[PDB]
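Working notes, beginning with the structure itself.
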Amino acid sequence: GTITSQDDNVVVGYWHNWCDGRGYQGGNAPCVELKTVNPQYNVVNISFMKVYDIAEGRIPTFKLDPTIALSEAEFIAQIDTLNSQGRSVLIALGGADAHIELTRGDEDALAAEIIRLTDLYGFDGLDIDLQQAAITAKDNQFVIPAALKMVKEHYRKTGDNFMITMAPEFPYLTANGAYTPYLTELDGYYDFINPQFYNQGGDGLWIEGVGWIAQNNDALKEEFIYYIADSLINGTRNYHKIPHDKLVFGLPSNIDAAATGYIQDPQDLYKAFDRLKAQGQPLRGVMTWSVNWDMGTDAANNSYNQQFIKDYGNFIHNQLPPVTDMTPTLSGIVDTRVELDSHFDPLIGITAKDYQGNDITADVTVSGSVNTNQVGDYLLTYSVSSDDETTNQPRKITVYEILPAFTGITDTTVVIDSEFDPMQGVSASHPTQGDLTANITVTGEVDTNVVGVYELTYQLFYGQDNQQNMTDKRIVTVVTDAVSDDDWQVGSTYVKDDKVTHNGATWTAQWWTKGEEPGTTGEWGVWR
Ligand SMILES: CC(=O)N[C@@H]1[C@@H](O)[C@H](O[C@@H]2O[C@H](CO)[C@@H](O[C@@H]3O[C@H](CO)[C@@H](O[C@@H]4O[C@H](CO)[C@@H](O[C@@H]5O[C@H](CO)[C@@H](O)[C@H](O)[C@H]5NC(C)=O)[C@H](O)[C@H]4NC(C)=O)[C@H](O)[C@H]3NC(C)=O)[C@H](O)[C@H]2NC(C)=O)[C@@H](CO)O[C@@H]1O
Ligand code: NA
């Protein structure tokens with residue numbers, strides 16, 4: 001077949017490239033032939049493309065499991081059958097426990113291998129299902145998008161829409177989260193995203209005014225679906241925006257398919273989707289891990305017997321076609337701190353794209369102005385318009401000033417008649433004004449001829465016209481080098497004629513003493 005893409009709603013189902021997988025509740029997922037997958041799965045994702053052995057190098061590939069007892073030619077024939085029915089068959093990249101680790105420069109080879117596989121098997125696109133370390137490993141976040149742009153562009157040349165989808169686990173979809181480079185680099189290139197709303201336990205989101213709604217909360221499942229979808233399709237509540245026409249809700253087929261996330265009561269999904277439709281934002285479909293689980297058995301060897309497609313196929317297909325959200329995007333805008341009098345350029349680092357991923361950076365406009373010569377906050381708003389839609393985003397610029405620092409102003413003791421230079425070892429600096437030593441004045445003097453304690457007040461003047469100032473005080477004590485009688489000690493014993501220094505005076509013992517303080521023994525006592 002040819003490249004077969006989906007224009008309307010989708011029910012996506014992963015297909016296991018292996019047999020008899022064990023379920024989270026002890027069930028079993030048989031391998032199944034593609035031609036047996038229920039027709040209402042209009043996108044079927046071959047799982048998985050990955051590195052099958054590092055002796056083949058870093059570029060991942062796909063190798064059909066022969067125990068499924070499809071020859072290569074037969075597998076190709078069943079893909080062609082699905083394509084003849086207008087269904088798409090994508091190759092899923094990654095999966096659980098698949099490590100992929102690419103280096104900048106691997107993008108040409110990855111693209112070449114994607115195309116090779118696509119042309120050989122009849123695949124219609126590729127699903128990004130990077131998990132754990134593979135999301136962020138080495139240069140993956142650059143290489144994988146770059147490769148896929150090439151692949152898209154290669155098939156566009158012949159008028160074919162090579163589909164690109166992704167299956168991020170929903171916790172990675174916060175605004176600056178690990179999947180964000182894939183989503184932003186491929187804006188305009190991807191057909192839809194089918195996040196996983198399973199296996200995340202008690203993770204979820206905080207709804208200001210209703211509380212924490214967890215993915216494992218079966219009492220609040222309607223609210224979970226509604227609010228996490230509402231946040232995603234509007235870029236609110238700290239989630240990255242995925243337009244509603246491009247959001248497909250991923251679910252486990254049953255309790256064996258994933259540890260948590262199974263919808264016990266399909267009504268909760270019907271109602272959440274209906275609510276989303278009611279505010280003008282119908283979703284694009286559902287996704288499931290997996291067709292094999294939908295055709296599998298539980299631990300008691302009872303058949304699941306297609307309960308997932310029974311619950312969701314007709315509901316999702318019997319909907320109007322999607323309506324494209326053509327809002328443009330802005331990238332690069334972050335509140336920024338700028339030091340007083342530095343240069344600031346409000347356009348550097350900021351870019352914009354239309355909904356098809358075309359660069360429209362030159363079309364951005366900015367209102368507001370920053371005055372880097374005055375500390376304070378300044379608010380800018382960036383705007384861009386395309387396709388009769390407009391996106392805006394604020395940016396706070398804070399102008400701040402840093403105090404200079406003195407060095408060398410430490411209390412010190414010097415000997416009588418020594419030379420003392422109050423500026424010796426003293427400096428000031430500032431990060432932007434540089435050496436400010438010449439801006440320091442000294443109030444007070446030290447007289448090194450006269451024993452005593454001398455205070456010096458250092459002032460630094462800085463800033464515009466030197467009208468800012470800071471002060472620091474220093475004590476310089478001048479001590480004699482004159483040797484004197486040893487200080488009186490309260491525990492020492494003295495005898496007649498012994499002399500001691502105490503309380504600034506020299507005293508002479510008149511007889512035996514221990515523990516009597518000089519100066520306190522009166523007109524006629526032991527110390528005189
Ligand atoms: C206490 C609490 O609430 N804790 C929370 C955490 O649980 C949670 O973090 C998640 O933690 C779970 C493990 O507890 C971790 O689980 C993986 O989930 C991924 C994503 O769904 C699973 O991968 C997909 O799901 C199916 C299985 O449901 C995968 O199917 C398997 O595929 C392999 C081949 O690749 C086969 O060998 C297997 O047989 C097959 N399994 C089955 C049953 O068929 C499929 O490959 C994946 N892709 C898709 C499209 O479905 C992965 O299997 C789960 N691993 C395990 C060991 O169970 C999940 O990834 C953690 N999430 C994160 C973000 O790290 C956090 C989340 O914030 O919150 C709490 O802390
Ligand atoms: Na095809």
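Both ligands and their constituent atoms are indexed starting at 1 by order of listing. Every heavy atom of this structure was used, including side-chain atoms; hydrogens, water molecules and symmetry mates were not. Throughout, residue positions are numbered sequentially from 1 according to the sequence presented.
- Between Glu107 and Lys149, no side-chain nitrogen of the basic residue sits less than 4.0 Å from a carboxylate oxygen of the acidic one, so the salt-bridge criterion is not met.
- Inclusion of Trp293 in the set of residues having an N or O under 3.5 Å from an N or O of ligand 1 is warranted.
- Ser47 and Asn17 form no side-chain donor-acceptor contact under 3.5 Å, judged by distance and modelled atom types alone.
- Under the 4.0 Å distance rule, the nearest protein heavy atom to atom 13 (C) of ligand 1 falls outside the cut-off.
- Among the backbone and side-chain atoms of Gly122, an N, O or S atom lies under 3.0 Å from the Na ion (ligand 2).
- Of the protein's non-hydrogen atoms, the one nearest atom 49 (C) of ligand 1 is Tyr198 OH, 3.3 Å.
- When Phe170, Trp18, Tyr14, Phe197 are checked for heavy-atom proximity to atom 33 (C) of ligand 1, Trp18 turns out nearest.
- At a threshold of 3.0 Å, the Na ion (ligand 2) has no backbone or side-chain N, O or S atom of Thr4 nearer than that distance.
- With respect to the salt-bridge test (charged N to carboxylate O, under 4.0 angstrom), the residues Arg237 and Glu208 do not qualify.
- Under 4.0 Å is where a charged nitrogen must lie from a carboxylate oxygen, and between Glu153 and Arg156 no such pair does.
- Of the protein's heavy atoms, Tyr172 OH, 3.6 Å lies nearest to atom 65 (O) of ligand 1.
- With respect to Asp265 and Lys221, no salt bridge is recorded, no charged nitrogen being found less than 4.0 Å from a carboxylate O.
- At a cut-off of 3.0 Å, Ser88 does not coordinate the Na ion (ligand 2) through any N, O or S atom.
- Ranked by closest heavy atom to atom 28 (O) of ligand 1, the top entry among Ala257, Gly27, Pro252 is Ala257.
- With distances taken over non-hydrogen atoms, the option nearest atom 67 (C) of ligand 1 out of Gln196, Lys50, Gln200 is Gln200.
- Remark: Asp325 engages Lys241 in a salt bridge, criterion side-chain N to carboxylate O under 4.0 Å.
- The closest approach of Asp124 to the Na ion (ligand 2), by N/O/S atoms, is made by OD1.
- The distance from ligand 1 to the heavy atoms of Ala258 drops below 4.0 Å at these ligand atoms: 28 (O).
- A side-chain donor-acceptor contact under 3.5 Å links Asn234 and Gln281.
- Among the backbone and side-chain atoms of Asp80, no N/O/S atom is found under 3.0 Å from the Na ion (ligand 2).
- In this structure, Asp129 is part of the shell of residues with a heavy atom less than 4.0 angstrom from ligand 1.
- When the heavy atoms of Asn194, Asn199, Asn45, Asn292 are ranked by distance to atom 11 (O) of ligand 1, first place goes to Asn199.
- In this structure, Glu223 does not pair ionically with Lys271, as no charged nitrogen and carboxylate oxygen lie closer than 4.0 Å.
- Considering backbone and side-chain atoms together, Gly23 places no N or O closer than 3.5 Å to any N or O of ligand 1.
- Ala96 CB, 3.7 Å is the protein heavy atom nearest to atom 52 (C) of ligand 1.
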